[PDB]
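As structure tokens, one chain now follows by itself in the form deposited in one PDB entry.
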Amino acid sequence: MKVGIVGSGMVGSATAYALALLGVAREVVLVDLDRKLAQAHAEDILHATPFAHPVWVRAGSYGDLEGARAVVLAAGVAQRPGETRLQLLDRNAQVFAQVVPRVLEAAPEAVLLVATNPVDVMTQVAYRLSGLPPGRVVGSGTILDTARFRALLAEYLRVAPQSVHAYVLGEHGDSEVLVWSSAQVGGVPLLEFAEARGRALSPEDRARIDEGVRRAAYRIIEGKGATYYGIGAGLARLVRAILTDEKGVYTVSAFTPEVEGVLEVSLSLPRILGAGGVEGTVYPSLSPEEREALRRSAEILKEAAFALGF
């Protein structure tokens, strides 16, 4: 099976590196305006594959994305000195306007998996441009924050992460929501389970955890200039769900008819991911304050789509 990746900076290349080291697919195709950036990365990574799995990583054009069952969009541009947010956004919006049609031309039946930040808006942009059903365009969304939330929760409780069920919903960013209230451990309420043991989650712990989750990206960018390793592996996992038609549940961003009163916006909710993209939503119980933080996350996101016209 073939995976494509458009955009061969750190995020696209680390995604290819993850795909190869985990042996997710037999073929990975890097596509980038800078033909020879794509080539350098592809060849650097090919040097790694003998020490892991038989995986054919190459640089390529959109035509070489033929039969790709999933195409990662980590396209976009290197921000400029003094280039504002909204400015960079308009630029990436225009990159996608060129990327999406070309990808879908070579790989009509590919799920499009959007990585480019801000991921929720770029997801909505690629959805509108694709002219596809909304399930076929999936954004990586909050998956790393969700998993980080699970990890920190599992740690404090002393149980396996895979026993912890817990979400981060909404915008991938400042307004994301940690769903404390219907989080579970082995199928039962989490806060309550904690309590029945050593100590219930304290105010200090909750916000130490909230800060562990919420300001991770800021810490990373502050210290090294950008995040890419984390999302590389998260994208690989999603690619894996798509190629194997897993139908696992992931907090990914997609176009959603309505949420908490807000209409036609892309954001992360728990969704079932398979060979054709997201194929069902799993809406969990929310508390009134989580519900309200979500409406609010949706609206922020809706307004950012307005400013781009999508």
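Sequential numbering from 1, following the sequence displayed. In this text, the rigid core denotes the largest set of C-alpha atoms whose superposition between the two forms falls within 1.5 Å. Only residues modelled in both forms are compared.
Not on display, but discussed next: the form deposited in another entry.
Comparing the two forms between this form and the one not shown on the rigid core, the single residue of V177, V185, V95, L129 with a CA shift of 2 Å or greater is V185.
Positional change of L153 between this form and the one not shown reaches 2 Å or more at the C-alpha, relative to the superposed core. Relative to the superposed core, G225 shifts its CA atom by less than 2 Å between this form and the one not shown. Put the two forms on the same core and the Cα of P108 is off by less than 2 Å between this form and the one not shown. Residues present in both forms were compared between this form and the one not shown after fitting on the core; consecutive runs of three or more with every C-alpha moved by 2 angstroms or more are 150 to 165, 184 to 200.
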